[PDB]
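Laid out below as structure tokens are two forms of one and the same protein chain, each shown alone and named structure 1 and structure 2.
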Structure 1
């Protein structure tokens, strides 16, 4: 129990009522109403979309900002409602893309401006490392799936160039991984394979056991896989640096007559 007066809950540049502030509400009573749902989230300010599935015991609600949705999720997840324990989660984004091979001088804003040609962009991010250096990867989140499908189609058919550098970007669907809730023990199916696997507890393979032989063979195979992958990485880097040099030398031949 703690009361907080929220003065700043919208992040700089954050658009409101996006799919990033959309919550999934599951294990609802079969008789749930739109008004019941709205009352449940009343405390978390303004509400946008409220959708309840006609028969399936789940719905969606859009809150104003990520902060408000994060607070509502923590407070309302596992909340008892008429014999049911509610499941409140962030809704899976229907229109999120991974952008690879980003050139230099691409800002979040430029990424948004670039992809805004395909439809309404909710968010665009140029991913940076622990020293603020761009990784070469980015995220583009559209408001709807048709706009994301347009971007995917157009960027595979054509060569989408964000800057002067003649290297097109790669646009793929976002691989959505949950690194927050993960795999709780309760949700693991306790079948025959489960019990077979849990016979032995976490340990280090001890010399003189059947498993030590096999685990050492597995370690050797993993080291072989590392060597194989390192060679492919080196070949690709070399091939890319060759092409990137030709691209840089041919670009520095554009403004020759422009200026």
Structure 2
């Protein structure tokens, strides 16, 4: 009910990062940076506010992500001078996936390693439901160039995180919104049928079945690819002794 700013932070969490930046769209036309701060003025001070008055949307950075998530629920679809403000988390411009993490790698060892290409805001080695590592990681930098450095250096180079000499793999993080998704308000031939199970003997069944048989050979063939890739890697694992 009543939050103490100046005491509202997850441990280690950094302030005014790209993760606590908001996209505020479907804006009124007379909107200014001054009025932007006014809407979010209860969430404490805000960092940068960039407002594309031509496109009718803008950005504002808050202190912590939870502050922004609070804001996002209090101000989404909020009516402002005729239009309904849409409020979402902004895309991360320097987010990176890391595969082939070793063990005894930790959120901190990652932030330490990747810090060599620029300022890291966050780095987390993703853990399964049993608390163990998956081999995947997240590394979010302060700005684009540090991620283009990290991306490029780790593709041409061989970046080893531990004594074990299998280098890590580094790809850009796909910026997908899996909270709001696609509502009906957005978006007739394709709807004129309901969700149903394709019934045997029908035309739609036969096509469904033609598709599922094509996924089969696609899986069978992929399976032979990652089968001998697996055992080649596996051979390699042996010779290290």
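Positions refer to the first chain, counted from 1. Residues that one form lacks are left out of the comparison. For the two forms, the rigid core is made up of the largest set of C-alpha atoms that agree within 1.5 Å on superposition.
- After superposing the rigid core, the Cα of residue 9 is displaced by 2 Å or more between the two structures.
- Once the rigid core is overlaid between the two structures, residue 42 does not reach a Cα shift of 2 Å, moving by less than that.
- Relative to the superposed core, residue 32 shifts its CA atom by less than 2 Å between the two structures.
- On core superposition, residue 216 has its C-alpha offset by 4.4 angstrom between the two structures.
- For residue 155, the Cα shift between the two structures is 0.2 Å when the rigid core is held fixed in the overlay.
- Comparison between the two structures places the CA of residue 203 1.7 angstrom away from its other position, after core fitting.
- Legend: core-fitted overlay between the two structures; highlighted in sequence order are 2-9, 204-242, 244-248, the runs of at least 3 consecutive residues with CA shifts of 2 angstroms or more.
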